[PDB]
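The chain is numbered in sequence order, starting from 1. Read the numbers this way: they start at 1 and go in the same order the structure lists the ligands and their atoms.
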Amino acid sequence: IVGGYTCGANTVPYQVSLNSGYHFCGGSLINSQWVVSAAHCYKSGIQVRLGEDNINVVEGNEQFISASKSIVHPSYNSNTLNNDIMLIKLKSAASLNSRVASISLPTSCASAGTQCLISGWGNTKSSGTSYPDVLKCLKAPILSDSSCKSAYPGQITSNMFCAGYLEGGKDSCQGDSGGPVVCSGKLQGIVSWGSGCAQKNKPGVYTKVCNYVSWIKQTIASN
Ligand SMILES: [Ca+2]
């Protein structure tokens, strides 16, 4: 996250870190046994890390649980990033309390102008590189479909939305991918892509979660 703030330990209790020896992507806990992340975060050997603040220090609220199964969206296209969503089942159920909690799925999509909270352990610089140990946060609005498509001609599908600031300086970034965009207590987006980070006229592009709730529920129901 570029231009954000330190969330506070365990203030974002649905935020997970995906670990393959190191943090590589974010995710969101949507029930005791399932995580949603980006399909471009897929790899084998994932350990899900719940209850994290400092990803490099054991602070006492962690749960580390191996993935038993990963499911990339049937129609994921890694060239266009259309349908950039995946589900991860945990080998055992997480213990849910105030510091580790699931986030509600939307019953309704979000509109332009709604404020949202975006979080992760991604790069904090837009020129150059600095990866934080503790979770970083950004409050950002959803942008209109038209300003999204104007920023990124021929690249925005009905499964994508823009959020952030066209002026630059405040965005998600590398390492935040797969993590949450939560608006009025609902998981509305997944950190997906963008040209650079926090660049003028190049806002963040997010997977539109409300399009996927049917798929998510039926997948959980049968796995
Ligand atoms: Ca830790």
Side-chain angles (χ1 to χ4, degrees), residues 1-70 85-105 116-126 128-140 170-182 185 187 189-192 197-198 204 206-207 209:
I1 303 289
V2 174
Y5 64 94
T6 295
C7 301
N10 307 117
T11 62
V12 188
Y14 47 91
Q15 174 84 54
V16 315
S17 168
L18 304 188
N19 187 285
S20 66
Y22 46 86
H23 168 83
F24 70 84
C25 269
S28 304
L29 190 69
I30 57 165
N31 64 42
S32 67
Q33 300 185 286
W34 293 88
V35 165
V36 160
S37 186
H40 83 254
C41 287
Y42 164 75
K43 50 165 78 182
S44 55
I46 297 178
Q47 189 186 60
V48 170
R49 296 193 167 205
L50 300 102
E52 286 282 17
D53 193 44
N54 193 315
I55 50 168
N56 277 318
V57 176
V58 177
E59 303 183 292
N61 292 299
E62 295 93 348
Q63 294 176 52
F64 296 173
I65 306 166
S66 297
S68 58
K69 170 191 293 191
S70 299
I85 191 166
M86 71 172 320
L87 283 170
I88 302 165
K89 192 181 182 185
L90 305 178
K91 271 178 192 269
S92 61
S95 296
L96 304 183
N97 49 267
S98 61
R99 300 179 167 76
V100 175
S102 61
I103 184 72
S104 288
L105 294 164
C116 301
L117 182 65
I118 310 176
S119 47
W121 290 273
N123 190 1
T124 62
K125 304 310 191 68
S126 58
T129 289
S130 182
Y131 284 86
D133 299 309
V134 299
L135 189 65
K136 297 293 186 164
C137 270
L138 172 73
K139 291 179 176 192
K170 290 193 291 180
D171 195 5
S172 58
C173 201
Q174 282 66 57
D176 296 316
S177 296
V181 179
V182 165
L187 181 70
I190 304 167
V191 178
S192 182
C197 303
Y206 299 90
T207 308
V209 170

Check your understanding: What protein N/O/S atoms lie closer than 3.0 Å to the Ca ion (ligand 1)?
Key -> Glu52 OE1, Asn54 O, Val57 O, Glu62 OE2
**Study point:** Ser192 side chain to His40 side chain, donor-acceptor N/O pair below 3.5 angstrom
**Key:** no
Check your understanding: Is it the case that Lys136 and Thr6 place a side-chain donor and acceptor less than 3.5 Å from each other?
Key -> yes
**Study point:** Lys89-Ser68 side chain donor-acceptor pair, cut-off 3.5 Å
**Key:** no
Review point. For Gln15 and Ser119, does a side-chain donor sit closer than 3.5 Å to a side-chain acceptor?
Key: yes
Exercise for review: Compute whether any side-chain donor of one residue and acceptor of the other, for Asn56 and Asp133, lie under 3.5 angstrom apart.
Suggested key: yes
**Study point:** Face-on cation placement of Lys43 at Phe24 ring, 6.0 Å and 45° thresholds
**Key:** yes
